[PDB]
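> model this:
(chains A, B, C, D, E, F, G, H, I, J, K and L, ligands or ions: 68)
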Amino acid sequence: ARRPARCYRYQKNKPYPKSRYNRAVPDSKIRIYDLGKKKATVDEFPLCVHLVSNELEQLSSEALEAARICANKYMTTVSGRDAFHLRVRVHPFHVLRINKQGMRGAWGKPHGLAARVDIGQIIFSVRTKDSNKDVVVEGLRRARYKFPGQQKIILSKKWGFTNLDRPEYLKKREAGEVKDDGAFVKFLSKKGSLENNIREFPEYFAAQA
Amino acid sequence: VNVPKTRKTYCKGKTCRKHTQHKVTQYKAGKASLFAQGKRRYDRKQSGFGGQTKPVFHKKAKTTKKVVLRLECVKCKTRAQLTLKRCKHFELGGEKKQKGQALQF
Amino acid sequence: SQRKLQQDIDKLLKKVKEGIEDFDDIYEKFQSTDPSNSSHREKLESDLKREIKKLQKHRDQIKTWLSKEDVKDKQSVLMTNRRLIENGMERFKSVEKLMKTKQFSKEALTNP
Amino acid sequence: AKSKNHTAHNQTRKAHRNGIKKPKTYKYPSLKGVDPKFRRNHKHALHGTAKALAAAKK
Amino acid sequence: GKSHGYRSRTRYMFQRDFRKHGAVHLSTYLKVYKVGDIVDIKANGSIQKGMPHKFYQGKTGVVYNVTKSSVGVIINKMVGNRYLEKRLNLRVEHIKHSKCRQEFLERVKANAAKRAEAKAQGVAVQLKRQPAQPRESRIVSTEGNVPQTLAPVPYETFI
RNA sequence: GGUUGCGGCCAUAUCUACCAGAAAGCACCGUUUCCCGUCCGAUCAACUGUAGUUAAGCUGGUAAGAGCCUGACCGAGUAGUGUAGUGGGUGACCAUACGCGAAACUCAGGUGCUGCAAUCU
RNA sequence: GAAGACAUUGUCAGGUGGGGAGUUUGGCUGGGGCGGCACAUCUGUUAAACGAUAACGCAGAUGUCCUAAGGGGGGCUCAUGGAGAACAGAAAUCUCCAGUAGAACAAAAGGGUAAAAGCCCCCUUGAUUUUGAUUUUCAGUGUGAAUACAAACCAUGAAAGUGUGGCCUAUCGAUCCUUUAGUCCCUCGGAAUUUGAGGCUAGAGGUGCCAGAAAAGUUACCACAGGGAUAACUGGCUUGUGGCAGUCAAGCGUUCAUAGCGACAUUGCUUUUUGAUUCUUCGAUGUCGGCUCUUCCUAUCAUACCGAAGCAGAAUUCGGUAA
RNA sequence: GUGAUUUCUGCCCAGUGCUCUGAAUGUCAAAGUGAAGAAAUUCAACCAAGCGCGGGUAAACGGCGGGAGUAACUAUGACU
RNA sequence: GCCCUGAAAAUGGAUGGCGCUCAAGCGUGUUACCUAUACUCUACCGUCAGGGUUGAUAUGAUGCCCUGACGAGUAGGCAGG
RNA sequence: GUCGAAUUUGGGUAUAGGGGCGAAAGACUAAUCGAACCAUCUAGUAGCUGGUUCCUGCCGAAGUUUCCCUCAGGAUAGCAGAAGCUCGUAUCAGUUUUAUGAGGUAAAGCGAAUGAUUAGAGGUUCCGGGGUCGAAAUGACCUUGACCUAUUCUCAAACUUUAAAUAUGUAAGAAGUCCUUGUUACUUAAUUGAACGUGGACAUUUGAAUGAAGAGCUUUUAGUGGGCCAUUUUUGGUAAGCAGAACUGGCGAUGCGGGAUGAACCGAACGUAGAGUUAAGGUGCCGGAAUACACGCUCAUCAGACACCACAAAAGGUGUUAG
RNA sequence: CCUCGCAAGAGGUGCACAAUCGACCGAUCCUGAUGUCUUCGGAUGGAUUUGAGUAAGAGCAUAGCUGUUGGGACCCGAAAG
RNA sequence: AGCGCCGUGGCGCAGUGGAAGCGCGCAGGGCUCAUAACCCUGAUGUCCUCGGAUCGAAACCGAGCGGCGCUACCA
Ligand SMILES: C[NH+](C)c1cc(NC(=O)CNC(C)(C)C)c(O)c2c1C[C@H]1C[C@H]3[C@H]([NH+](C)C)C(O)=C(C(N)=O)C(=O)[C@@]3(O)C(O)=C1C2=O
Ligand SMILES: C[NH+](C)c1cc(NC(=O)CNC(C)(C)C)c(O)c2c1C[C@H]1C[C@H]3[C@H]([NH+](C)C)C(O)=C(C(N)=O)C(=O)[C@@]3(O)C(O)=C1C2=O
Ligand SMILES: C[NH+](C)c1cc(NC(=O)CNC(C)(C)C)c(O)c2c1C[C@H]1C[C@H]3[C@H]([NH+](C)C)C(O)=C(C(N)=O)C(=O)[C@@]3(O)C(O)=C1C2=O
Ligand SMILES: C[NH+](C)c1cc(NC(=O)CNC(C)(C)C)c(O)c2c1C[C@H]1C[C@H]3[C@H]([NH+](C)C)C(O)=C(C(N)=O)C(=O)[C@@]3(O)C(O)=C1C2=O
Ligand SMILES: [Mg+2]
Ligand SMILES: [Mg+2]
Ligand SMILES: [Mg+2]
Ligand SMILES: [Mg+2]
Ligand SMILES: [Mg+2]
Ligand SMILES: [Mg+2]
Ligand SMILES: [Mg+2]
Ligand SMILES: [Mg+2]
Ligand SMILES: [Mg+2]
Ligand SMILES: [Mg+2]
Ligand SMILES: [Mg+2]
Ligand SMILES: [Mg+2]
Ligand SMILES: [Mg+2]
Ligand SMILES: [Mg+2]
Ligand SMILES: [Mg+2]
Ligand SMILES: [Mg+2]
Ligand SMILES: [Mg+2]
Ligand SMILES: [Mg+2]
Ligand SMILES: [Mg+2]
Ligand SMILES: [Mg+2]
Ligand SMILES: [Mg+2]
Ligand SMILES: [Mg+2]
Ligand SMILES: [Mg+2]
Ligand SMILES: [Mg+2]
Ligand SMILES: [Mg+2]
Ligand SMILES: [Mg+2]
Ligand SMILES: [Mg+2]
Ligand SMILES: [Mg+2]
Ligand SMILES: [Mg+2]
Ligand SMILES: [Mg+2]
Ligand SMILES: [Mg+2]
Ligand SMILES: [Mg+2]
Ligand SMILES: [Mg+2]
Ligand SMILES: [Mg+2]
Ligand SMILES: [Mg+2]
Ligand SMILES: [Mg+2]
Ligand SMILES: [Mg+2]
Ligand SMILES: [Mg+2]
Ligand SMILES: [Mg+2]
Ligand SMILES: [Mg+2]
Ligand SMILES: [Mg+2]
Ligand SMILES: [Mg+2]
Ligand SMILES: [Mg+2]
Ligand SMILES: [Mg+2]
Ligand SMILES: [Mg+2]
Ligand SMILES: [Mg+2]
Ligand SMILES: [Mg+2]
Ligand SMILES: [Mg+2]
Ligand SMILES: [Mg+2]
Ligand SMILES: [Mg+2]
Ligand SMILES: [Mg+2]
Ligand SMILES: [Mg+2]
Ligand SMILES: [Mg+2]
Ligand SMILES: [Mg+2]
Ligand SMILES: [Mg+2]
Ligand SMILES: [Mg+2]
Ligand SMILES: [Mg+2]
Ligand SMILES: [Mg+2]
Ligand SMILES: [Mg+2]
Ligand SMILES: [Mg+2]
Ligand SMILES: [Mg+2]
Ligand SMILES: [Mg+2]
Ligand SMILES: [Mg+2]
Ligand SMILES: [Zn+2]
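Numbering: from 1, shown residues only, chains lettered A, B, ... in the order given. Ligands and ions are numbered 1, 2, ... in the order given. Structure data below:
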């Protein structure tokens, strides 16, 4: 057993997901996808760090869980559990097949589950404070070893996971059109109703600081 | 399938070329008489030495026969044939199905 | 082969018919037991139970035949022997229940 | 002894070596499949206009 | 195992358009087709009687026969090394006119007009269409428009 | 221009919440002998236009409304793609040349038009 | 002497009769066999946005069922959710509101359908007759299925209209033979009448290997024509599997990731494993093991020289140049 | 058929054969008999043997169980 | 970017070989040169097409002459020898 | 091994081919035996193997469709040749444009429907399971599950609002347009329309571009009906010089120059010669042609050296160079 | 081909042939006149029907290439019966 | 690996669309000095699990779990 990712590496087949035509597939081994202080705010975590791909390939659900475990262990041993929020941004939806006389009836049974990653696609995202840039970089360097192919750390200059580069987001915050939700934020748009906009963003519609 | 004993269809008779009452029965094949030319030819060919000389059918595949109704128009006493499809069960003038009675299990 | 299949058909057909004959003979001797011979009643129960169990095995074979085996001609006679076996089954069930029922059991005290 | 099942190779080359040229339309296409009602009238009207043209020509 | 039915591989072909289900309208019921006209065949899935085959979907032909509720359309189809003429009996829901044909009629009316005044005053008929001819010499004004200089941008990653 | 009858395109026409509606017209409305239909004159049928009411329907307007529609040099000439190379790269794939070219997104605007006839302060 | 119109014999008829005779013992196929039907068909996908398109490709279905589940007309709106009403509760019946279909339409699947194509009610038999034309499969042959008319006769509706079976896409069958219906027509040939028979027009009885032979095995006693179109050796491509080697480092090692190891992953090499394939060879390449003998490779067991150790010595372990 | 001597050759006739009976109140050819017909012919009844029914036969061909629980340690299972 | 470690197979061995190190290697650019049965021009052979020429003397009108284009070839077809 | 017998043997005699004879091996029956030998039927049949005899010229394929007890074969259509025939009189394009259609792939989307799926937030329980305050209460507090609302992360060959590029249908007129009035048994309430017409009008271009090498038509017949490779799209498989499709081009059927070598790659297709110029590829020598020029990089104690193509990766290196 | 015209072109006639609408003959399905052995005759007029037909004949015979079939069938070749 | 069968009370087994039983065990009473045997009674089930068709099943149709049996041949 345990055929290599070198023979399940490239994207050769069409996406073959779990559906009503394909049942009795084994479960993925990755079950948790967000990690660290996942209830924190983008207020608390300004800097984003992205592990991105350079190859059009397939990532095993095993490679995802192993990279997540090693990265997690490194950041908790160094910087503690609450200093980061790590989210894996690929979900294994590909049922890989195994054949297991001759080539007659060669259509194979389900064997796995894979994340088809494109060039320039986020694999790992870590949001953290400005002082933990080093430790999140070396944790994602450990992640780059359990993951096949070539990957890059890009210092994402978006405030947290969201959008909206840091001066733009600072301007939005000091304008007051940003409301703190659970692990995310809500934005004021100039297209909704006046009454519900009033009752959901009082600070923009007041003379507050 | 259920078919009524009576039916108003077209009549080919010259005295009435319109729709008229027909009584419905089922076509049953004839007696297969001994003096048909094919039967006489078969008897002469099978007589003698040489065994069976014509093929006899063995690889039966279908279970159903198409039903064909002999309609007799009741004024000019004339007959016609109407073919209905492969049905396992066939009744002439059975009880009508009823819309909405209590089922009786 | 279809010839071998139809041979096994005809064999089980004949076995079912002779089983039905001797089951009916045991049934009529049961109904004419003279029920003071309760031991003879119980003996005839056990004998027709054995015969109806043999008919159970034959009927299950008929089930498998009509389900998967491509009988291809004789579904009529297979179904008729199935129906004969099942009416024998219900006769055995009625007789068997009749002597099972205890005279002061709660079912007989509820409804005669 | 398996062999090749189906292929459309070389077929367009054969067809265009002896091309698809035209269905060769004519004036007065065939009246096959046109309505018998008003086909009978077309017969009668052509008879009438031929008779009228001959009578006017004398 | 393998199927070639009358409506095989016609799923999205005979689907209705989004928010265009229901009854088909009285414009396409009240349009009139006369013998010899040019029509486009696009099947309507709601009317199952008189549907064309999937081959004739989106196909332009000449109507040659008109009857109670349908019209007969002549279509040339390529089989083998020759075109064959096919006579389809199609309902007016599946039959639609040809805007190219109507534009040819407005063009021939315009051409007959243009030759009429061209003959009336006696010069410059010039009826036939000409393709897009090369552009001619022009003068552009720098007054109010000084050419602003452009440079290629550096490589900045946005993610 | 409002309204009614018949419509064409079938949301710019729909949906939600309020507000207004002179005149006329629709509408709600009043009644069960007759034709007729229902468990029920509620629907339907018939009769009256009388006893009344714009409360609803309907029409119109409002809403940083939802939806829908139109446009943008907004995204984006991006994704994708036809053709070409003894181009690059171990490969996966990626640039370049001649061409075509989106969708989502964002922003701005709009919220039925119209035909035949009749009628109306 | 016995037997006697019985045996015997002759001709027909029924039975028995592998003792013998003659013949047959499907096809596709990652070799054949076993398995399966991809053999006649239907749906979605493969299929690369006209059409066509393969594999023992994927997910399924067919050999039926229906006098209504066909045809016409009228009325109504479904699944579900919420709020209520004695017994009555999660679910019995009744009422209202919301409800673009989230229901139903015989079945597989895909389309289609809302004053309907659904549900209920009324009336019916057009699921009728005569042959033609057209579409799909396609050779533009047949079969099957379908479309639009024409000439009748009808059904329904106030009518416009609709109706030549099932809302649409599957649900099926030549010659010869038999049989039925019609014409009661033609012929039985020296001339008639009546039975009988043969014809003509339209059906049915069936070939599922579904363009349609009447059909069991075995050969280790075998034969012939051939085949590398096709297997069992080697060789060749590939390396799943086998074997070998890296990288990462959670941990083990008292303490300490890396003395020695090393999980979870991940990258390779090899052709000494077994497969996969079928390119060469079936007018033959002698086919297992052993003996015998030579050479080569290194991925080093020993020996030479070294480095490291949780190497005090001894013993041992890891590694290097080295065949 | 088995294969000197010695010692033995168990159970099964349901199946396949073989063999007995004889009218089962079955099937049953030709010839013959009766009826209808104008006749060819058709329909009846009768209908031998054999199949069928009913016995016997295995030194004829041949065949000759499965699952549970159970004894003062465990195991096993005389036993159920 | 290049180079190096990773990087181990069995006859002796192959950037084709010799050899090459500010290359005769790699990346790029500029010219010059070499060379095909390809292209241009000419001649000749054949085929095809279009055409001219019964006038007297001398011969063949299926003949003579002009113009242009073309020429690969298995299975196979036809033609002239 | 046996050697006094179930012994060995001579001669005579008997048994003959579906027969004999067999202490049984399918043994033997004149070197022949799982059915002898001889002659004839017989030149038996073969969809199978091999061979098939002079030259030159011109043209020049197919390995595909459908059916077949069809899969080593035929028929049929297709490709090809020959004979031509009717005209050279406005015809057609493996092409583009303009105009108008059609499509549901690539992409995209999921705070759009279906299905999958990550994470919190706010709520709702006359109505989930726990505990606490509780006698309980249409009581209260907290915990955990669901249901709703607004968000978030990622997806779909058999999901989709949207939606390309490339391919694809039609039209671009004389068989056309306009005016007037003739026919009809069709149609209309109706000289109303429909179809076909008569007689006039219309042109400079007769209604986009480009090219035509003649255009159209018929008959008959050969061979073929094993294919294979390359780019791109693509299915099964770990992959394959694997199996199976789509479009195009090639090999087969084809030499020549280059890739040292090679059926397919690059260039270019071929009468016999001469001259010139080039393609692809090259110019140290083999080897024709610059040990040319210019800017750099690399020193390898296994350098590297040119597409198909005859391989190398992850991970590293104060080696060096530039950022 | 004819007429006009210098020609361009205008008209007339137009064989073969091609397309189409008709007419006639046979079959099928109708309609059913004068009439009459009162059961025979089938006039006339039709029909999305059908024929391998008519519509101022083209065939017959011979020879040749090619092709088909049957014969040993291009030549050689079985195991068999 | 394929094919086929089986799965129901504590154990061994039946069971067809109107729907759960047999025998032995188990429980209560009786008889007996007592225990068996015998007599009179009673109770006993996620019908292997999950989903679907049906107005409804354990049964019909599908997915898995578990246990058996047959085949795996020519070299
Ligand atoms: C008088 N009976 C007893 C008889 C006797 C003899 N033979 C003798 O006389 C000699 N036998 C003795 C000495 C008495 C033992 C007989 O020989 C006969 C018969 C009877 C017939 C019966 C026939 C009859 N048929 C006409 C239907 C019948 O019932 C059967 C039958 N199916 O059983 C017959 O076979 C029958 O035809 C027949 O064969 C008889 C005799 O031969
Ligand atoms: C015992 N014998 C007397 C006999 C009696 C009867 N009759 C009866 O049993 C009648 N009794 C009843 C009531 C039916 C039970 C019989 O019926 C018979 C027979 C015996 C045979 C005679 C046979 C005989 N054969 C052997 C030559 C004969 O003459 C004929 C014949 N040529 O007709 C037979 O066929 C015979 O075999 C025969 O049928 C007999 C009986 O059946
Ligand atoms: C210009 N000429 C050479 C010509 C050419 C063509 N066709 C072409 O264009 C050539 N076709 C190619 C492009 C080569 C395929 C042509 O098609 C024609 C004609 C000529 C005309 C002459 C017509 C004329 N009238 C009626 C205008 C005439 O005098 C007669 C007559 N009365 O007999 C004709 O014959 C005429 O009608 C005619 O036939 C011509 C053409 O068809
Ligand atoms: C498009 N041009 C090339 C053309 C085409 C066709 N033919 C067709 O299109 C045929 N139609 C089909 C496609 C068959 C349905 C044509 O038939 C014609 C013509 C051209 C005209 C020219 C006319 C012109 N007149 C008006 C003065 C002219 O110059 C002469 C002349 N005097 O020589 C003509 O020949 C002319 O009158 C004419 O006859 C033409 C055509 O017939
Ligand atoms: Mg005989
Ligand atoms: Mg083939
Ligand atoms: Mg196939
Ligand atoms: Mg569409
Ligand atoms: Mg229909
Ligand atoms: Mg035999
Ligand atoms: Mg085979
Ligand atoms: Mg397509
Ligand atoms: Mg219906
Ligand atoms: Mg309705
Ligand atoms: Mg057909
Ligand atoms: Mg009709
Ligand atoms: Mg007959
Ligand atoms: Mg038939
Ligand atoms: Mg067939
Ligand atoms: Mg044999
Ligand atoms: Mg053998
Ligand atoms: Mg063998
Ligand atoms: Mg032997
Ligand atoms: Mg081979
Ligand atoms: Mg092998
Ligand atoms: Mg390996
Ligand atoms: Mg391995
Ligand atoms: Mg091989
Ligand atoms: Mg060999
Ligand atoms: Mg040899
Ligand atoms: Mg040899
Ligand atoms: Mg070494
Ligand atoms: Mg014995
Ligand atoms: Mg026995
Ligand atoms: Mg016996
Ligand atoms: Mg008899
Ligand atoms: Mg007897
Ligand atoms: Mg290296
Ligand atoms: Mg060199
Ligand atoms: Mg250089
Ligand atoms: Mg010439
Ligand atoms: Mg002697
Ligand atoms: Mg011998
Ligand atoms: Mg056949
Ligand atoms: Mg061969
Ligand atoms: Mg002309
Ligand atoms: Mg177009
Ligand atoms: Mg599609
Ligand atoms: Mg996509
Ligand atoms: Mg989109
Ligand atoms: Mg979604
Ligand atoms: Mg002209
Ligand atoms: Mg041919
Ligand atoms: Mg052929
Ligand atoms: Mg060849
Ligand atoms: Mg070449
Ligand atoms: Mg190229
Ligand atoms: Mg030269
Ligand atoms: Mg030189
Ligand atoms: Mg590297
Ligand atoms: Mg470096
Ligand atoms: Mg010969
Ligand atoms: Mg011959
Ligand atoms: Mg011979
Ligand atoms: Mg023979
Ligand atoms: Mg007790
Ligand atoms: Mg006791
Ligand atoms: Zn009648």
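
> got a list of what residue 35 touches?
Using chain A here. Taking CB atoms under 8 Å, 6 or more residues apart in numbering or on different chains, we find residue A:35 in contact with A:68, A:72, A:85-87. For the C-beta atoms, the positions are set from N, CA and C on the backbone; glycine is no exception.

> oops, I was thinking of chain D
E:65-67.

> check residue B:19 too.
Applying CB under 8 Å, 6+ apart, we find residue B:19 in contact with B:8-11.

> let's go with 6 Å and repeat that
Shown in contact with residue B:19 (CB atoms under 6 Å, 6 or more residues apart in numbering or on different chains): B:8, B:10.

> identify the bridge partners of it.
Each beta-bridge partner of residue B:19 is listed here, defined by DSSP bridges: residue B:10.

> just to revisit the earlier point, which one of the contacts of residue A:35 is nearest to RNA strand F?
When these are compared for distance to RNA strand F (CB to the nearest atom of the strand), residue A:87 wins out at 21.8 Å.

> pretty sure residue E:78 belongs to a strand, no?
Yes - counting by DSSP: H, G, I helix; E, B strand; the rest coil, residue E:78 is located in a strand.

> quick one: the strands in chain B, in order.
Ranges of strands in chain B, per DSSP state E, are B:2-3, B:6-10, B:19-26, B:66-73, B:78-86, B:91-92.

> mind putting those strands in a markdown table, distance to residue D:47 included?
A markdown table is the format used below for these (distance: least, CB to CB, whole Å):
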| stretch | distance to residue D:47 |
| --- | --- |
| strand B:2-3 | 51 |
| strand B:6-10 | 35 |
| strand B:19-26 | 38 |
| strand B:66-73 | 42 |
| strand B:78-86 | 41 |
| strand B:91-92 | 55 |
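
> quick one: closest of those strands to RNA strand L.
Nearest of the strands of chain B to RNA strand L, taken as CB to the nearest atom of the strand: strand B:2-3 at 19.1 Å.

> tell me the helices and strands packed up against the closest one.
Packing partners of strand B:2-3 (3 or more CB pairs under 6 Å, 6 or more residues apart in numbering or on different chains; DSSP states H and E): none among the helices and strands.

> helices along chain E, start to end?
Here chain E has its helices, by DSSP state H, at E:11-14, E:26-30, E:99-121.

> same question, chain C
Secondary structure of chain C by DSSP H: the helices cover C:2-31, C:38-68, C:75-100, C:106-110.

> compile those into JSON lines and extend it with columns for distance to RNA strand G and mean neighbour count.
Formatted as JSON lines, the helices of chain C follow (distance: least, CB to the nearest atom of the strand, whole Å; neighbours: other CB atoms under 10 Å in any protein chain shown):
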{"stretch": "helix C:2-31", "distance to RNA strand G": "6", "mean neighbour count": "14"}
{"stretch": "helix C:38-68", "distance to RNA strand G": "9", "mean neighbour count": "15"}
{"stretch": "helix C:75-100", "distance to RNA strand G": "12", "mean neighbour count": "14"}
{"stretch": "helix C:106-110", "distance to RNA strand G": "23", "mean neighbour count": "9"}
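
> dump those to JSON lines, plus distance to RNA strand F.
Conversion of the helices of chain C to JSON lines gives the following (distance: least, CB to the nearest atom of the strand, whole Å):
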{"stretch": "helix C:2-31", "distance to RNA strand F": "53"}
{"stretch": "helix C:38-68", "distance to RNA strand F": "47"}
{"stretch": "helix C:75-100", "distance to RNA strand F": "45"}
{"stretch": "helix C:106-110", "distance to RNA strand F": "42"}
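
> of those helices, which is nearest residue A:173?
helix C:38-68 (72.8 Å; CB to CB).

> how about the closest one, does it reach RNA strand L?
Yes - judged by CB under 7 Å from any atom of the strand, helix C:38-68 comes into contact with RNA strand L at C:53, C:56, C:59-60, C:64, C:67-68.

> of the contacts of residue A:35, which is the nearest to chain D?
residue A:68 (48.0 Å; CB to the nearest CB).
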